[PDB]
Protein chains: 4
Amino acid sequence: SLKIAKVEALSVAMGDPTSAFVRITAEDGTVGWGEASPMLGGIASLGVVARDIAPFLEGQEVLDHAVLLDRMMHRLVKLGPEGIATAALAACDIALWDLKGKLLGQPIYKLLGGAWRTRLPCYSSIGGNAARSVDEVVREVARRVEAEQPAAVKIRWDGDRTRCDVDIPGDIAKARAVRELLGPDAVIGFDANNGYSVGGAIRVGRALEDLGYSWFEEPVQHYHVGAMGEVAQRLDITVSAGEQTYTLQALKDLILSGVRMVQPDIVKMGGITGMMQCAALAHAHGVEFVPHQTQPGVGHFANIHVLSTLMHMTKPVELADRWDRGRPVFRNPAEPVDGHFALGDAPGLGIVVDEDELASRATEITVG
Amino acid sequence: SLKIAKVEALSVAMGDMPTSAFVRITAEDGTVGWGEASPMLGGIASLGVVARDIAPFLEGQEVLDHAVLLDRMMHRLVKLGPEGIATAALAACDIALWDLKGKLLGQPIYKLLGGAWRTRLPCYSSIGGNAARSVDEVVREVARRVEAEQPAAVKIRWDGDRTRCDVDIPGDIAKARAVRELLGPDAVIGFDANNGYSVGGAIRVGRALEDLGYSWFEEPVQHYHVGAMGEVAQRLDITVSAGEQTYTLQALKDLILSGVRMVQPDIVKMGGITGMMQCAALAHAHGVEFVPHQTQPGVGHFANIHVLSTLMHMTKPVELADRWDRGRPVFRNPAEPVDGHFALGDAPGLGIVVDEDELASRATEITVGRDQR
Amino acid sequence: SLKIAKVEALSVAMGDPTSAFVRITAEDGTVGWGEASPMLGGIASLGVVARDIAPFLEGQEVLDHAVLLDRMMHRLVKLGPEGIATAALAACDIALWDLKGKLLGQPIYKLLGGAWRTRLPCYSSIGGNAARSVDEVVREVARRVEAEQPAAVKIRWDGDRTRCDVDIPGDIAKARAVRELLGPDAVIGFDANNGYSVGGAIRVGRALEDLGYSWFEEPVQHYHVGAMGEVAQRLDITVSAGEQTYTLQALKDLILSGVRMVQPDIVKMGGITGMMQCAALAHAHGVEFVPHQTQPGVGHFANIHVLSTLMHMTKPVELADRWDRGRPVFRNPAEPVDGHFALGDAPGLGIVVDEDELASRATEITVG
Amino acid sequence: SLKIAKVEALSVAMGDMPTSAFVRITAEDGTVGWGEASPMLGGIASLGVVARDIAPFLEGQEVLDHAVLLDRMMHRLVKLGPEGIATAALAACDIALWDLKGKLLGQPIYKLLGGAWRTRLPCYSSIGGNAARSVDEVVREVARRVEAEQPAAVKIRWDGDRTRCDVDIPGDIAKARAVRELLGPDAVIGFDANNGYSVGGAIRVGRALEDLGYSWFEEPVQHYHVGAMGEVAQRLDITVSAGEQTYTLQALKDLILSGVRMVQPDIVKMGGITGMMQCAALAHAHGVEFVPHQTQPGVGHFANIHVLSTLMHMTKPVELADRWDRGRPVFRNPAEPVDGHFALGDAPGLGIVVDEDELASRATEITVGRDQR
Ligand SMILES: [Cl-]
Ligand SMILES: [Cl-]
Ligand SMILES: [Cl-]
Ligand SMILES: [Cl-]
Ligand SMILES: [Cl-]
Ligand SMILES: [Cl-]
Ligand SMILES: [Cl-]
Ligand SMILES: [Cl-]
Ligand SMILES: [Cl-]
Ligand SMILES: [Cl-]
Ligand SMILES: [Mg+2]
Ligand SMILES: [Mg+2]
């Protein structure tokens, strides 16, 4: 059966920022695309693909993705494997799923057992609010809501994680102004990006409850798993975490700590195969499954195939800043219509890459 | 794409326990998938749920949509328990849809599940009915099965009356001792109490099994006492296992949280292939062993080995239970170990081969409002 | 002493919906009536009675109900036994108690040690509110309150359990409108029928607390026992569950999880014998005992005999939708007067079946 | 005061495992500090993170500001995990800055850390690769290392394939037994499973090791199962240890809370000198033993012994792992026990002596965008 011929790690300049892609070519010339979270460009993950994963995958069977990549996980375990190595593995998983869908003539979600929905609501995820004035926060939220007509809005802080409890009153004032803009009905989330102490998180949480916010993402430093779950159990507003959780077992620990809404990211860990396992874990424990996803191309497509299979979808699909950067490398990147993403039925992921644009923007990451 | 044309629920006389419960799903192109429900009291109630509740919903739907279709059905059927009867009905349909899917896509199920770590799977001889036997009878039957099967491990099961408790602890220990003496000091041996002990009785037997070097201790207390099951697991050194009478992913989670570190749900009792893969993921998330219960020689065995071929950290062998000969004549290639292993082939779907005419002669269709045959 | 001659499993068309009854005839021609929860008609439970239970009971002594049926439970354990098998057993238990009361010339509650009350307050249990507009919810509650003069009102959602957190603001608006209708004093319960995530349940719970609601039934999926009890401990409003709990041990687990008001159903599990054990368990743990019961005939009578024996009755007896369907099969089905049920002293259950109506509406479920 | 001029990331061919990962930091006055990253798959990814991410930030900054500089970098690098690759990169830079600091201030690192309890540190012979050996081969290699090193303790490590589980428990116990027989009843012996067992398998091996009087039992289950690791630690009597695959102070806290009472983080995998001192404090706060993992004969060894010289309640010896001979010729004074001890000298900084020309001939610089050599 179908063998892997070539595995390429590609650093790609996006928009008119760099992303990190894996292109896997089968012996029949078919191609699958994967993506690794582009943290500091994703260069370290791309190096791990090129040096450590690619030589093993070449000549192996496309359909054996789970055995191949779980063997690789164990080979790479002493690289963490959190972060760099899990993202490298996730990218390879997504690419092998893309190839698999093409080989079998099916969209990935059909191979995953079917979709509950092929029109998926979005939420506008608006970052960089720590640095903005109140008027600037309101201006940007208004702009994106007008353009995207989302089912929900999330305002994210993206502050400096060496600092803590920097401007709680200002943060609350911004949350209040956003509530006044969007009206009493609006579904609004607040993402602290790890900005608070336990006590600071409680204080902000109570203010967000007074403002009717729906969820409160990453209130404390992600490394404090006990504190994350404690804050989750102490508050009424739904506390969420998981975007910086990179293994199934650490996700289990996060749930056991008290967190009831988890948000692992398909290009940071797991890929399609791992994210389905994470969904199963969440269903076993009665926790909401609301993936983190900020990339407009390959990662977005992997995310929506997985989310189309989720029975109890409780929050919309993330649409983060500067999603326009999906063009021109991709012909059909994330682009909401009537506040939804329309998942199609092309084989594999169904993402379409512009060959000439990619070539002009791509740097291959090779062994030394 | 490929639509479901017909769903049949079949009660089938097997071999020379005497009847099994199968689901045959026929697609619009005439291809057929086979599933199996645990044949508890014949599996007749499960077959009735298939015929009345599930079949009318699946007919006309897409084969590939199995997860959405069957999770929708689970929610329609939730007030039937759904533990036991309904989960086995759902499991049978899942297995049949996977068989159809493999045939549609031209791949064995393990390839579709992401690859096999192994296609030769070690077996263990699972030998039941020891409560009723004398010591010499236990030894004789174990020796017989071991000679025939060359297994990687042996499990002796009690299958006593569950209205009784702590019936004959000294005799049970004597049987365990005699089996150790037969098999030698190296042999991997498990003991399945089939829910026969109190917590105190279970501790007492557990310590005796530890002295005899037994490897695992299955279902020591009544399955309904989940707290007690996990307590006994944490109090003993020998690995306590349970899960064969656990029917949902959430109840499996509860069993793990109680303290159980080896879980044994059954692919024809709950979940089917799709659900068993989820259970495997849950076990991996929690660091517990995954050692499915499986006692049927045909469809259920094949589903079980496709799933187990995908398990990275396989720690115990595949179950081979009593009277596996009954796989024939309904099936042409039922479970039959070679050099102590099951050889998993590469035929599309399950790869199980049914003798159509034998099946026809032995099958009673369970229909809306009756039995036919 | 008195032997069982015949056990019949009967599917019966009700009103001018199908129910599931067990008729047991003793050797002297006396008859006892039982009922199994009519889930999808209760046909599977009726089949279990006919195939698995009836042949064992025939020729056995009526008075040996507990030994006979606990032996049957163990014979049937691998059928779950949750749901189908426990309902089949419950129906047989109720029928044997009816026969026992007739044989001994006593109403069942006297055999159970006496009644604290023979006039039992009701609550109007009004379902199908997920699908209604606010005005339709208010209209139906008003209609039933006018007719039934209940001691309390419960509004139930009965939504699609494949969906989650569908319309929290609308749900709260309906709860608010019902509070405004019934006034500040009114005792009102809200039954989510498993419609929320943990976080959604907390959000609705706080709104119900603001509206002075008395209890909050089945907020999360019943399978998430840990989450059910967590929600119960996190909120102030009394969270209740148990209607989808089918064994004494699983009821123990539900209590240990944190639930302080339990609602097992006499025709879903246990029958009279099992429900008395459940009441004992609740008393041991200091939890309220408020049975789920939605059937107007046999199940209602079994329920009120048991509830007449409950010392610390804290909530009224459930009176669910379309209770008029008790006629014409029964001559004296559930029918409140001055907001109460009047329990009489006829031997056994005291339910009166119209022979000709039953015969015209009954289909016997037989072995194949 | 003294500014950092240059940060170099070097992949170095060692001895005759074959390559190591070093960081050389040069101050504006020409003084040099040496650090090391755990050379997992050569440490190349860590070296790339040093070259691309850390080096440009450190160049021009004050040597003495190491903690603020590297904690700022940890936060810049947090989305790289930072477990494993990034923490080892940070550890290497910390060690190099401490070496520079000691040279600047004219003091050995242990003096700067508040004094040494001891400058002669007992060693233990850490002997790997026993999964693959026969019993006689295990005995032969242990006898060889013991004759050469005269250690205060011996640890036998398995280093098996982590995709496999409970592979050969009887054989493992036989090897442990043979080693006890070789070394005598008094000998302090540890057993390192390298993550080879299930919870049940770990309990079974643990009891056998207790019967053989073993002193500690390292990494019995997969490291990712933190709950299971601590559970096994609390269930057994033999001291269960872990931490070598734990990379943050908070994850070390979680490992302790799970039940582990002997922790073994590695100075070149995480923290460096600064972080290892914090880990020691955490262990002291919780009453757990602190017994670092360390397998490198040069820079990492020297960092390790400076820190361990400061540990009041030292309970186990310093690790001396396989092929320590590979310290030469790159280093002039790599780890080499004398009368079963390591002699810590008083040279400023680490006190490690590098052969410049050997280093040059064996070093490939890892730079932004490539390998050079
Ligand atoms: Cl597939
Ligand atoms: Cl914490
Ligand atoms: Cl996180
Ligand atoms: Cl229990
Ligand atoms: Cl079980
Ligand atoms: Cl739960
Ligand atoms: Cl319930
Ligand atoms: Cl100092
Ligand atoms: Cl764990
Ligand atoms: Cl570790
Ligand atoms: Mg952790
Ligand atoms: Mg349970």
Side-chain angles (χ1 to χ4, degrees), chain A residues 4 6-26 29-38 42 45-46 49 62 65 87 90-112 115 117-120 122 265-268 270-273 275-276 291-309 317-320 322-337 340-362:
Chain A
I4 297 164
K6 193 175 178 163
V7 175
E8 293 168 80
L10 303 172
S11 170
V12 182
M14 301 283 281
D16 291 316
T18 74
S19 295
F21 300 110
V22 172
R23 175 169 59 198
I24 303 183
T25 305
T30 58
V31 167
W33 283 98
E35 179 161 15
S37 187
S45 293
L46 292 175
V49 174
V62 171
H65 65 86
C92 296
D93 181 81
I94 297 163
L96 291 177
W97 266 105
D98 193 21
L99 269 180
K100 172 178 175 181
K102 294 183 182 178
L103 167 65
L104 301 177
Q106 294 296 332
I108 285 162
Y109 79 84
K110 281 263 182 195
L111 298 173
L112 296 175
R117 65 198 64 81
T118 58
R119 290 167 302 179
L120 299 84
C122 73
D265 185 323
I266 201 155
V267 303
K268 292 181 185 291
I272 291 159
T273 306
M275 291 285 287
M276 295 294 291
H292 174 275
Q293 215 295 117
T294 57
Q295 305 308 314
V298 173
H300 171 80
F301 275 67
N303 193 47
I304 64 169
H305 279 272
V306 169
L307 289 171
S308 78
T309 77
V317 178
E318 187 166 13
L319 180 61
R322 299 303 316 277
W323 52 266
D324 67 301
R325 80 188 180 284
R327 299 180 175 278
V329 169
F330 301 109
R331 293 195 190 275
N332 64 339
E335 195 155 47
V337 176
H340 293 75
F341 297 118
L343 176 58
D345 294 350
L349 282 172
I351 194 160
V352 179
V353 177
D354 183 311
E355 177 177 27
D356 289 354
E357 283 291 358
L358 169 77
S360 75
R361 287 157 176 266

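The basis for the numbers below is simple: all heavy atoms, side chains too, and nothing from hydrogens, waters or symmetry mates. Letters go in sequence order (proteins before strands), and every chain restarts at 1.
Atom CG of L343(A) and atom CZ of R117(A) lie 11.0 Å apart (nearest 0.5 Å). Put simply, CG on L307(A) and NE2 on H305(A) are 11.0 Å apart, with the number rounded to the nearest 0.5 Å. Atoms CD and OG, on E35(A) and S45(A) in that order, are 11.0 Å from each other to the nearest 0.5 Å. In this structure, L120(A) CG and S308(A) OG are separated by 6.5 Å, a value rounded to the nearest 0.5 Å. Expressed to the nearest 0.5 Å, how far CG of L319(A) lies from NE2 of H340(A) amounts to 13.0 Å. Rounding to the nearest 0.5 angstrom, the gap separating the CD atom in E357(A) from the OG atom in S360(A) is 4.5 Å.
Checked by atom type and distance alone, the side chain of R361(A) pairs as donor or acceptor with a backbone atom of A13(A) at under 3.5 Å. Judged by distance alone, with hydrogens and angles left aside, the side-chain atoms of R23(A) form no donor-acceptor pair with the main-chain N or O of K6(A) at under 3.5 Å. Side chain of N332(A) to main chain of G350(A): a donor-acceptor pair is present (N/O by atom type, distance under 3.5 Å, no hydrogens or angles). At least one donor-acceptor pair closer than 3.5 Å links the side chain of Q293(A) to the backbone N or O of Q295(A). Here the side chain of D98(A) pairs a donor or acceptor atom with the backbone of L349(A) at under 3.5 angstrom.
The side-chain heavy atoms of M276(A) and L112(A), taken from C-beta on, include a pair separated by under 4.5 Å. No side-chain heavy atom of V22(A) sits less than 4.5 Å from a side-chain heavy atom of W33(A). A heavy-atom distance below 4.5 Å is found between the side chains of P17(A) and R325(A). Residues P328(A) and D16(A) are in side-chain contact: their nearest non-hydrogen atoms beyond the backbone lie under 4.5 Å apart. Contact of the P291(A) side chain with the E318(A) side chain is not registered, since no non-hydrogen atoms from C-beta on lie closer than 4.5 Å. Side-chain atoms of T30(A) and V62(A), non-hydrogen and from C-beta on, never get closer than 4.5 Å to each other.
Here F21(A) and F330(A) bring their ring centres to under 6.0 angstrom of each other.
Looking at residues two or more places apart in sequence or on another chain, you find a ring pair (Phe, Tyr, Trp, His ring centres under 6.0 Å) between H300(A) and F341(A). Contacts of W97(A) classified as ring pair (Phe, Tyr, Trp, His ring centres under 6.0 Å), with partners at least two apart in sequence or in another chain: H65(A).
Nearest heavy-atom pair, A87(A) versus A36(A), reported as atom, atom and distance to 0.1 Å: O-CB, 3.5 Å. In this structure, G297(A) and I351(A) approach most closely via the heavy-atom pair C-CD1, 3.2 Å. The heavy-atom pair separating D265(A) from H292(A) by the smallest distance is OD2-ND1, 2.5 Å. In terms of heavy atoms, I94(A) sits closest to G271(A) at CG1-CA, 4.0 Å. Nearest heavy-atom pair, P38(A) versus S19(A), reported as atom, atom and distance to 0.1 Å: CB-CA, 4.0 Å. Between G299(A) and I266(A), the shortest heavy-atom contact is O-CG2, 3.7 Å.
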* I would like to know whether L10(A) and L46(A) meet side-chain contact (heavy atoms from CB on, under 4.5 Å); could you show each step before the answer? => CA-CA 7 Å; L10(A) 303 172; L46(A) 292 175; 5.8 Å; no
Could you give the side-chain donor-acceptor pairs of residues 99-109 of chain A under 3.5 Å, partners two or more places apart or in another chain?
residue, atom, partner, partner atom, Å
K100(A), NZ, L112(B), O, 2.9
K102(A), NZ, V31(A), O, 2.7
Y109(A), OH, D345(A), OD1, 2.5

